[PDB]
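Just so it is clear: chains get the letters A, B, ... in the order the sequence lines come, proteins before strands, and each one is counted from 1. The figures that follow rest on heavy atoms only: side chains count, while hydrogens, waters and symmetry mates do not.
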Amino acid sequence: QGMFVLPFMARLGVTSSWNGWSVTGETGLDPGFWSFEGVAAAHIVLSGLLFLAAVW
Amino acid sequence: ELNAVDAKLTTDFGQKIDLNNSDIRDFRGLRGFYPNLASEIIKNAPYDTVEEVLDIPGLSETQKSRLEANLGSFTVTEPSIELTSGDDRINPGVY
Amino acid sequence: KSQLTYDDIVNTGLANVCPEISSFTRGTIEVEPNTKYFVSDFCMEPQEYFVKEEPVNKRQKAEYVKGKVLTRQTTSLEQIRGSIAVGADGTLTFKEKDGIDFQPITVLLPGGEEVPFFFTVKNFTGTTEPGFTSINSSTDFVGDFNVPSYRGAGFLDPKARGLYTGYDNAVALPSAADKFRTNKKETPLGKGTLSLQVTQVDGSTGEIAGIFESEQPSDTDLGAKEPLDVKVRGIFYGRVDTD
Amino acid sequence: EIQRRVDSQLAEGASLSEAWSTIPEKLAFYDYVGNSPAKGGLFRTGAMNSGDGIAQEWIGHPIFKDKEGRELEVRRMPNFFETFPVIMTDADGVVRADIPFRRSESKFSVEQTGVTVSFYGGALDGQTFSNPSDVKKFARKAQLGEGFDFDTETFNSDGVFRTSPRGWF
Amino acid sequence: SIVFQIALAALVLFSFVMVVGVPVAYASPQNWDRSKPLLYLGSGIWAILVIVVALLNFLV
Amino acid sequence: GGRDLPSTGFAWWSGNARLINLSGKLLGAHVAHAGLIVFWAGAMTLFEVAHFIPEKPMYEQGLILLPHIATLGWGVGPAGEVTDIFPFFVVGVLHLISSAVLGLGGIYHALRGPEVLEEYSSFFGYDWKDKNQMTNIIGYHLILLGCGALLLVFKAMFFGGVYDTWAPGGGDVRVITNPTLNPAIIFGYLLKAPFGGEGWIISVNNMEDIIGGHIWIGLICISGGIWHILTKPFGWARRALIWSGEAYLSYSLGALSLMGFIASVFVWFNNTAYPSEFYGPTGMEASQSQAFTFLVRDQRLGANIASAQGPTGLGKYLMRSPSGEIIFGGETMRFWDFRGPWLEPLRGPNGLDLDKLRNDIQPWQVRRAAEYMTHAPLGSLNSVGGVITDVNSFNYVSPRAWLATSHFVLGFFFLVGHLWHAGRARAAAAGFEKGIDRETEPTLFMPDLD
Amino acid sequence: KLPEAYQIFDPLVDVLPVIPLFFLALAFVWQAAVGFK
Amino acid sequence: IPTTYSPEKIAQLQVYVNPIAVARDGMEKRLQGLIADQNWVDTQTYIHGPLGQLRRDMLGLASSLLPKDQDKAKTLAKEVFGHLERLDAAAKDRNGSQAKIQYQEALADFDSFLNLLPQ
Amino acid sequence: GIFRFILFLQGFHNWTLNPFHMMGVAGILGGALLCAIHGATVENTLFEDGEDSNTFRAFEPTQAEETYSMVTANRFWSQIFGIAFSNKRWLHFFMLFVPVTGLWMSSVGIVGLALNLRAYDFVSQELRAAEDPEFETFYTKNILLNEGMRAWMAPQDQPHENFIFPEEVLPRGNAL
Ligand code: CLA
Ligand code: CLA
Ligand code: CLA
Ligand code: CLA
Ligand code: CLA
Ligand code: CLA
Ligand SMILES: CC1=C(/C=C/C(C)=C/C=C/C(C)=C/C=C/C=C(C)/C=C/C=C(C)/C=C/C2=C(C)CCCC2(C)C)C(C)(C)CCC1
Ligand SMILES: [Ca+2]
Ligand SMILES: [Ca+2]
């Protein structure tokens, strides 16, 4: 599916989504916050904070 | 392609009062029917023939006479659950 | 719900819970060979929901998937009236009659698909094996029940298309109005299978409780798509009138 | 103008099919609401062929008869209306058939009134339709004026009308 | 019974004359020597009329 | 004091501001205005009595004061039938005459009485900065307010009672013998969420709670009155508040805005202090009544209303609340928190009870539901009843609609007035209510923002 | 309606409640007489 | 002030006598057993349901009765209602003994009220 | 009559969906906002130029100096809202500009409607709804409202057309 960053999350242990699916083909798993979505949102927030620090 | 109700309107159902499918408002034209006799008829559906409407258990002599008088207005079709499910024969959402 | 009042019950979720009998209960309800007994307040409380996912490969096991209810504590059948008849051989036949015998339920599955289905016990006739002279912990009422279309024939889709009401064509596209398959709405009467494993009988008061598992199709949206297979596991309770 | 030409053809003694077959496809194409410049949208872009498609051929003139032989006229869609109810009137302007929205108190549907359509001229010349689905489809077409077969594949036409260069100008 | 009607009509008339006179008398500091006793008398008579109306209510 | 712009600094359109420091004139204005209030009470009561057809319901005749008297238990019997019309007349007459007296006094103080009272008496003379005197006036009026609450209690308990719409055997005027003094109930009312199903204090649903809460209110008010007579404001209050006549006005304006909003909600939702016998149904009541009316009709027609599913798949007549309770179906699902004397007999522990619905519905409940459904609080401004698309032949607007709309509007404009006077009081205390001083314009001594 | 003895002043009670509106108007009359000082 | 029973005044009483007799029959049959079964919900529902017109009906008996029997019937109905209210109170607090006492009280006062009924 | 014209344009033209009308609405509401905010800002940054509580007579038409503090207003709005006018001339030109441009844009949209060149539909959502009976947006709901208005209003609004719409052809929801 041309997924470029998803394998890099999965390599280090982030393999589940908030939608219940996991790249191991399983379902119903609870990753907690550290799902694919959680990691992506953390990066977005980090980007904002770094931007503000750069401005300062 | 007609869904199923329009196909019923192709039949005798769309021409007169069906004892298996008509809503209770459709009986108001028959004097002395709505609501008691009409509700009794709808409760005791289905009918294979129009004549077994006279065999409603517990029917009354005046009701017997009225049903005989208005036998002409009645037809029997296959009871379509489209028209029947949810007590739509009693209240099809029309006021 | 125990023995409270509505003031105690309101906004608690107890209203959606079928009553339980007791713990020190291993009684049996004696029945006559060929008489029928009324069931007073029959309740079913679902607790587990599974939808049979459809693989795209072929020919491979489909593996029921656990869903989660998006609708709230609105999932229980109750105040159902019925009857249990004892056959000549000893068969026990459970017949649903009326009551709050349906609830629309929407479950979310992993992947984001939401599955509404018409959870019901309507017109359920179920039977045990012959040679039952009692209702006890081995009584299994396995039978069939009807599943009406989730949406009634008075429903209108977002384009005001329906079965006995609404448009029969895509009016927003005047030159392509009659082109769409969803222009025809359908309400097939689907079919379900249910089993009612009685696990607890208090013959003094006539209450019976047990477990159930039901199999039935999901919403088709007036025939828009093929129904999925939904499995419901839960518990049930009812009073059987001995006299 | 089309009706006048057909009436002259009939007044000589031509039959319905011949008289209507004398009508050029160009005049009939002018008599079609999808060619009115007051049917488009501000953001429905491009050629009118991107709307209903490329017109292929005139289907011929439909004539609607109910079960009792009354000749019915389908009320045409005005320029104002994005959508319009299907109504059939007889000679003296009385509704004799329609397509009901609610069916439980339906009285004048194509199904109950037994409306049938026969075509004269064009692609469907000499054919008659009694299946209410076909009759309803052709009544919906007749709402738009003269009916035409369209190539919707070439432009991937979407089904909503465009305005003409007259309207854009 | 006509006495009650007369008393109530008199009370309305006296209410009108009080409503007119009171603000003028309170807002004419020059003519306060002879309008203060008139105010006292009028208040007394108005109260008397109200009492009479109240009694004739039960008397009629 | 002056009576024009040069000598007061206030234009005519703010002329009442000239009264801020003329205590006698201010007292006259207040007493005369109180006369206006009492005059309206009496005159409106007499108008309503004159325009009252006593065999037609109160809410059908645009009456807002007579229901208040009826709720207090005067002139009505079971189901709210008007027994004696004289007590309504007496309430109106007494208010009218007393308004005459109050107006006389207000005119005296406003026009001839002493301009200021401070050199006349220390007791009645006041200064806005005199914190002890202001708390004294608070104390006196708190004692009076507690006494009025106790008057309500005494009427309900020892003077014939109040109208109880929840009375067994039918709504009736009954004497409250056991008010709930239990502070758990009384003050847990104040802690209930102001949202659906809780209804912070709007949900009080029995006259025992109302009377007991009024006993508590009377005691609280009297004790606070004594407390304020015998003390002066503490340091924290002194450091937190603006101490000026306009500041006190603004505080009262905020309080009044709050009370106006509360009253509008109260009349819209509560059918205990506002019995539907006199005020007509609430909107929730009318919606539930329509659902009940068609459940009853269709059930008589033979519909099995427990199992009838509507077009969407939800039960047409009955369904579950999100917490599982059995409730009326349709749009009235939003109104399942409604409780009414005509509907609770059909309610079981789980909500609406199928057995009661199938065999316990009384003809009087059917009549009541039809009446409430057809008197839903919907109506046009020119008093055309029903939904707005209805035609002109039904002259009805619910008294609940009039009271709720009027008091929401008054609450809003008194919030506006509170903002106006609070801001003005602050600015005047700090001394820039007349504009920025060019010499000492504060922003000119501030660092630039960026 | 009003008790029977009082219904000759029925057309007077018809206009009583509207008086405070007249008081509000009278304020402006008084200010107009003084020239809106 | 006829002060005597007559054929036609009895018919005018009857329009209210029928529901009150039905209510008394129900009070003997169903409400007693509801109290006995310790069923407070249904006790309250009964006294607010099928009884929800008892005040109107019995004040109709009283107000439209003989000049001797008017005030007496009114007072008797009032006492019945007081017992009904105390019944509601004893049911809301699950007071079986007090509720049974009040039920006997309401029955006795109702029987006294129907005692002064011609025919 | 104007109200009828307004509702007619909603039902037949979907005029609310028209971007030119939305720019008109933006201009008119912005003009009202500018009027209110400018009036209040001026009235609440006035210089103390008189001794009366009545600040209205502390102004003279021939006075050369500003009657309110532009600097204070600018600081207030910069700290409250983030930005503020600093040029009086730009401020008043803006107060002219906003409502006038709103009127001109709405007039352009009306010119479009004169030829039935409407922003009536979003074709992608129409197609999806036609093939997906579970796709519902506020746009499609508004389309349904327009259909209802047209069918119910046309016979009385356009009497010369002799529209005869039998009761059964009228669109309507359940129970209504
Ligand atoms: C706590 C902070 C934090 C955490 C937990 C993560 C976590 C993650 N990041 Mg991320 N990231 C961060 C901060 C963080 N990041 C910051 C600040 C940036 C901006 C630079 C990024 C930019 C970023 C990108 C572009 C990507 C990620 C990705 C990821 C995911 C996979 C990472 C991976 O493959 O490792 C790889 C890291 C290495 C292989 C490190 C190599 C370092 C070299 C070998 C060492 C250099 C020489 C050494 C210093 C000298 C010798 C010293 C020695 C002797 C000790 C993972 C969930 C990937 C992803 O999945 O996308 C969603 C992805 O592509 N991140
Ligand atoms: C008045 C001149 C005019 C007219 C009447 C037409 C008419 C037509 N052209 Mg055309 N064209 C023109 C000029 C014109 N053109 C110019 C100058 C060019 C060079 C770019 C073109 C290049 C062109 C191409 C490539 C094509 C056409 C096509 C067409 C046909 C399709 C119309 C269409 O969908 O447009 C759609 C119109 C709109 C969607 C309206 C846009 C409104 C904008 C957004 C207004 C902007 C608002 C503004 C920012 C507000 C300011 C803010 C405020 C503060 C001031 C049509 C008959 C098509 C065709 O079918 O060819 C065979 C086609 O392929 N034209
Ligand atoms: C108890 C409540 C109360 C009290 C005692 C005051 C007292 C005062 N206010 Mg105030 N105010 C209040 C509530 C109150 N206000 C509310 C709720 C608002 C919000 C609207 C305001 C907004 C307000 C403003 C803007 C100002 C005052 C001012 C004043 C001072 C002089 C006002 C004056 O002379 O009246 C004069 C009376 C009039 C000019 C007549 C006004 C008529 C109104 C606008 C319409 C009446 C409509 C009514 C519903 C009847 C409808 C009639 C219909 C039939 C046509 C004065 C001390 C002034 C001030 O600040 O002084 C320093 C001043 O500028 N108030
Ligand atoms: C409830 C409404 C109300 C009340 C109680 C007052 C009260 C008062 N105002 Mg005021 N005012 C009001 C509304 C009110 N105002 C409104 C709406 C406006 C805007 C137009 C004003 C504008 C205003 C200004 C500019 C001034 C006042 C002033 C005053 C004070 C002096 C009165 C005076 O000398 O005038 C004299 C008027 C008369 C002598 C005419 C007659 C007045 C009487 C009372 C009429 C009563 C008629 C009644 C029906 C008769 C019944 C009598 C009895 C039998 C019951 C006074 C306490 C003055 C002040 O502040 O003093 C320092 C002042 O300068 N007001
Ligand atoms: C809250 C309203 C109020 C207030 C604070 C005042 C205050 C005052 N008045 Mg006034 N007055 C009022 C209303 C009010 N009055 C009314 C409605 C009228 C019309 C009847 C009058 C007519 C009036 C006149 C003619 C005079 C005053 C005078 C005075 C001043 C001296 C009071 C005094 O010592 O005499 C003595 C006080 C008493 C002996 C106490 C008696 C208390 C009352 C009368 C008995 C009823 C108490 C009641 C049970 C309490 C609750 C009331 C109830 C309605 C709830 C004083 C500042 C005098 C003045 O200004 O001096 C130059 C003056 O001559 N008043
Ligand atoms: C109208 C009646 C009234 C008025 C005007 C006052 C006025 C005053 N009282 Mg008070 N009081 C009253 C009635 C009144 N009291 C009664 C009836 C009692 C008996 C219980 C008391 C007992 C009392 C005490 C013990 C004290 C006062 C004090 C005060 C002074 C300052 C208090 C303050 O800032 O208020 C505002 C309150 C606060 C700033 C505290 C914040 C409270 C919370 C956080 C606000 C949240 C409210 C919430 C949004 C509303 C929801 C409603 C409900 C659910 C809670 C002030 C002049 C103080 C004083 O100085 O005494 C001399 C003081 O110590 N009073
Ligand atoms: C073209 C191309 C290329 C290039 C590329 C590039 C170079 C790019 C890029 C890119 C990028 C580089 C992107 C990015 C991004 C981003 C984002 C998307 C962000 C964000 C963010 C946010 C949103 C934040 C926010 C915030 C803030 C701001 C502050 C506070 C906090 C917060 C969070 C709120 C190459 C060579 C490859 C080749 C091919 C072609
Ligand atoms: Ca029908
Ligand atoms: Ca009159």
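Contact tally against chain C (heavy-atom pairs below 4.5 Å) for F/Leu318, F/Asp355, F/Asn304: the top residue is F/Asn304. Here F/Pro322 is the residue among F/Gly313, F/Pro322, F/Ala306 with the most heavy-atom pairs under 4.5 Å with chain C. Heavy-atom pairs under 4.5 Å with chain F were tallied for C/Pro116, C/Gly154, C/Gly152, C/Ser149; the largest tally goes to C/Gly152. For the set F/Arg347, F/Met319, F/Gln309, the entry with the most heavy-atom pairs within less than 4.5 Å of chain C is F/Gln309. Between chain F and the options C/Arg72, C/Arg151, C/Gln73, the largest number of non-hydrogen pairs under 4.5 Å is found for C/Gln73.
Here the CG atom belonging to C/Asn11 is positioned 6.5 Å from the OG atom belonging to F/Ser321, to the nearest 0.5 angstrom. The structure places CD of F/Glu325 at 11.0 Å from OG1 of C/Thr74, a figure rounded to the nearest 0.5 Å.
Only the side chain of C/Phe118 has a heavy atom closer than 4.5 Å to any heavy atom of chain F. Heavy-atom distances place no part of F/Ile305 under 4.5 Å from chain C, backbone and side chain included. Proximity to chain F is limited to the side chain of C/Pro148, based on heavy atoms less than 4.5 angstrom apart.
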- Message: Before you tell me yes or no, could you show the steps for C/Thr75 and F/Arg320 under side chain to side chain contact (heavy atoms under 4.5 Å, CB included), namely the whole-Å CA-CA distance, both residues' side-chain angles and the distance that decides it to 0.1 Å?
- Response: CA-CA 8 Å; C/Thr75 82; F/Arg320 280 181 184 276; over 6 Å; no
- Query: Could you walk me through whether F/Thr312 and C/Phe155 pass the side chain to side chain contact (heavy atoms under 4.5 Å, CB included) check?
  - Reply: CA-CA 6 Å; F/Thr312 64; C/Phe155 192 74; 3.8 Å; yes
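Counted within 6.0 Å of NZ on C/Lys191, heavy atoms from surrounding residues, nucleotides or ligands total more than 12; the atom is thus considered enclosed. More than 12 heavy-atom neighbours from other residues, nucleotides or ligands sit within 6.0 angstrom of CD on C/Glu48. Remark: C/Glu226 CD is loosely packed, at most 12 non-hydrogen atoms of other residues, nucleotides or ligands lying under 6.0 Å away. By the neighbour-count criterion of 12 heavy atoms within 6.0 Å, atom CZ of F/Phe261 is densely surrounded, having more than that number from other residues, nucleotides or ligands. At most 12 non-hydrogen atoms from other residues, nucleotides or ligands lie less than 6.0 angstrom from NZ of C/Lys36.
Residues of residues 95-103 of chain C lying under 4.5 angstrom from chain F, judged on non-hydrogen atoms, are C/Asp98, C/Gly99, C/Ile100, C/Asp101, C/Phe102, C/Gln103 by number.
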Result block: side-chain N/O donor-acceptor pairs under 3.5 angstrom for residues 332-341 of chain F, not counting sequence neighbours:
{"from": "F/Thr332", "atom 1": "OG1", "to": "F/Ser287", "atom 2": "OG", "distance (Å)": "3.0"}
{"from": "F/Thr332", "atom 1": "OG1", "to": "F/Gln288", "atom 2": "N", "distance (Å)": "3.4"}
{"from": "F/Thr332", "atom 1": "OG1", "to": "F/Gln288", "atom 2": "OE1", "distance (Å)": "2.8"}
{"from": "F/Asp337", "atom 1": "OD2", "to": "F/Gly197", "atom 2": "N", "distance (Å)": "3.4"}
{"from": "F/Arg339", "atom 1": "NE", "to": "F/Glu344", "atom 2": "OE1", "distance (Å)": "2.7"}
{"from": "F/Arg339", "atom 1": "NH2", "to": "C/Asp7", "atom 2": "OD1", "distance (Å)": "3.0"}

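Residues that satisfy the salt bridge (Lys or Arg N to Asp or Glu O under 4.0 Å) test with C/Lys231, not counting sequence neighbours, are C/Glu213, C/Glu215. Residues satisfying the ring-ring contact (aromatic ring centres under 6.0 Å, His included) criterion with F/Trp216, sequence neighbours excluded, are F/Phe187.
For the pair F/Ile326 and C/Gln79, the minimum side-chain heavy-atom distance is below 4.5 Å.
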